[PDB]
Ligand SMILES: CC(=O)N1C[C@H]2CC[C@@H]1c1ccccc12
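Taking the form deposited without the named molecule, here's one chain by itself in structure tokens.
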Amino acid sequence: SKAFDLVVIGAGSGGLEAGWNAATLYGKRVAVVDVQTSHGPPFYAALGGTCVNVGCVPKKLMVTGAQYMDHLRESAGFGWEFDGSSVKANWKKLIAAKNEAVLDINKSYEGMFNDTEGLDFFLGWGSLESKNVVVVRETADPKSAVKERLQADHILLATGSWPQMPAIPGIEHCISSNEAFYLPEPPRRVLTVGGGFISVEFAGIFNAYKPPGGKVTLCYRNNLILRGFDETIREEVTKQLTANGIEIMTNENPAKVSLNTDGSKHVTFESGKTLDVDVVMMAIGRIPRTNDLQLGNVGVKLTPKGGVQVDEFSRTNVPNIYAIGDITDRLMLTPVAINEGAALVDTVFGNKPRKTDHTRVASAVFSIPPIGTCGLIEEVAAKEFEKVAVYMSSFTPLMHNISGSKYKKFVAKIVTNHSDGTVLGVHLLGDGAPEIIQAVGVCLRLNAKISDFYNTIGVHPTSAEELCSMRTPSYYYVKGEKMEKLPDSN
């Protein structure tokens, strides 16, 4: 029956940021609930969230590992000699090293709870019993035994999202990214299903660690993966993945998966094509985890798509009840959940209300090679603006003149409103893209124009200087129509 200013359900990026800020910035008394104290099966997420446990952090460590496939090969062009027949990619070591670093992070979030006054952690399954009462139970089952009942002036829902699995016969023989982080052996043959972040990122991880003779296949339901990203870059990353041995199967989708007696899976596509692989990893979206919160108990409204409905300020239709992060289905990124939670605490317990700006958010795909993007792609720009200019550069980076990776083109594109030169979006493909694009995120907060980029003096030699070397559009959109040249003087 313990009372708190704030009760947070979900010890993830959004929930921890809100919880820590309320206790430390504002002197509030804070309870935070989550289902597990460190990573891995059975509940996968845990203290620190999807980011720490089965998301940004282990994914980034494992893509970093996969990049060495390239490094070891490209080294030879710079006079490095070693016994190439002795190279092996040890997946068990990768996974163990990742486990240990993730476990360190979990214990350091445990450390934070223990060392911070008015910030308490409760292990279990939180749901809403009423307006001001969060119940903590033993399991996801609402009929399981009660562990605690926390009362709450304010309740924050930050339970994140969960892999979506299509309802096909045999889906129980497939995995999601959760299980991918713990496979005991790397698959010899693997199908990644989906053309978005997770499928592309993991396709590159499995590509580097595959045993001899192995093959990664990614399949996508439509023509061209990475819908929503810059189109030249969709095409170019498709090519660069293909050049590193990944087969991109377009216009295909599994209809049925069968278990072979030897443990492999027999996939039938809606087309009637079939393929045998060791692992089928489903990466077709993540959905809000609303189901276990018993939201009917208090009437918190959901969106048609299943997200907790919130206003600009993260408020539900129930006063004193809030939702942030992936549970809201708005932008599913760690940094945004964070900014959301920090803005919610500042609003509830602070001076002035704050809302998170979901426009011009810079983000990245840690594919090999990686993507960095901030702002509008050109087909979206072309519907909002009469005149759009596109500046485009695509070049072999300096080192890939001699590394042997001739296929590794860097792509830089800037999209403007051509009527005033205002930059609307920047899109980058190639090593460094995630790092380069960060400060570009800042430039878009400052009403940057194309001439603000081209009049800035280059840093040489970098890939990034190409962003500041583009003066003349490559093509335009006028009234929605793509054209090499402007028709008229206006």
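Start at 1 with the first residue shown and count on from there.
Same protein, other form: the form deposited with the named molecule bound, not shown, and the subject of what follows.
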Selected contact from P370, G307, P163, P186, since only one has a non-hydrogen atom within 4.5 angstroms of the named molecule in the deposited bound form: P163
In the deposited bound form, the residue from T238, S403, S176, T316 that sits within 4.5 Å of the named molecule by heavy atoms: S176
Distance check, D262 to the named molecule in the deposited bound form, heavy atom within 4.5 Å: no
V380: touches the named molecule in the deposited bound form, heavy atom cutoff 4.5 angstroms: no
The named molecule contact in the deposited bound form: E172, any heavy atom under 4.5 Å: yes
Segment assignment from 416-424, 382-390, 349-357, 164-172: heavy atom within 4.5 Å of the named molecule in the deposited bound form: 164-172
